[PDB]
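Working notes for the structure below.
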Amino acid sequence: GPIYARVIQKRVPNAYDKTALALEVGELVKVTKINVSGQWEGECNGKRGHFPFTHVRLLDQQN
């Protein structure tokens, strides 16, 4: 299940940033690779990469 994570604090890192999500405060990253800790791999409508739970507020993965 991919969650929708309302990212409340992110930078603009391309897939060249060891493949990171280029997204921003207030945006939405749909994590297609989930975990328990919050260090998952995210996909934001065309951006693929990985980031932590530290600065995201996410809706569920069953939705």
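Neighbour counts run over all protein chains shown; Cβ positions are idealised from the backbone, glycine included. All of the numbers you see were taken from the coordinates with simple rules; none came from a lab.
By the scheme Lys and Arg +1, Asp and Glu -1, what is the net charge of all other residues having a beta-carbon under 13 Å from that of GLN9? The partial results should precede the final answer.
Details: positive: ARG6, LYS10, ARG11, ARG57; negative: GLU24, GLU27.
Once positives and negatives cancel, what remains is +2.
In whole Hz, with x marking every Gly and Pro, tabulate ³J(HN,Hα) for the range 38-45 from phi via Karplus 6.51 cos²θ - 1.76 cosθ + 1.60, θ = phi - 60°.
Each residue of the range 38-45 in turn: x, 8, 10, 9, x, 10, 10, 4 Hz.
In terms of modelled amide H atoms, which long-range or inter-chain residues lie less than 5 Å from the amide H of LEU58?
Placed amide hydrogens put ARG6 under 5 Å from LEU58.
Under a 5 Å amide H to amide H cut-off, with H placed in plane at 1.01 Å, what residues pair with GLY42 once short-range neighbours are removed?
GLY49, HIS50, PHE51
Report, by chain and number, residues whose modeled amide H sits under 5 Å from the one on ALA15, excluding near sequence neighbours (fewer than 5 apart, same chain).
Result for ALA15 returns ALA20.
How charged is the neighbourhood of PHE51? Take every other residue with its Cβ under 15 Å from the Cβ of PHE51, and add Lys/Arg as +1 and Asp/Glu as -1.
Numbers: positive: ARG6, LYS10, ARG11, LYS18, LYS30, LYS33, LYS47, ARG48, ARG57; negative: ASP17, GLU24, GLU27, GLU41, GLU43.
Summing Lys and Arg as +1 and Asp and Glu as -1 gives +4.
From the Cα trace of the chain, what convex hull volume per residue do you get, rounded to a whole Å³?
Values: hull volume 4.3 nm³, N = 63.
Taking the convex hull of the Cα positions in the chain, it is 69 Å³ per residue.
May I ask you to evaluate 6.51 cos²θ - 1.76 cosθ + 1.60, the Karplus curve with θ = phi - 60°, for each residue of the range 49-60 and list the ³J(HN,Hα) values in order in whole Hz, giving x for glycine and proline?
Calculated HN-Hα couplings, in order: x, 8, 6, x, 6, 3, 10, 9, 10, 10, 8, 6 Hz.
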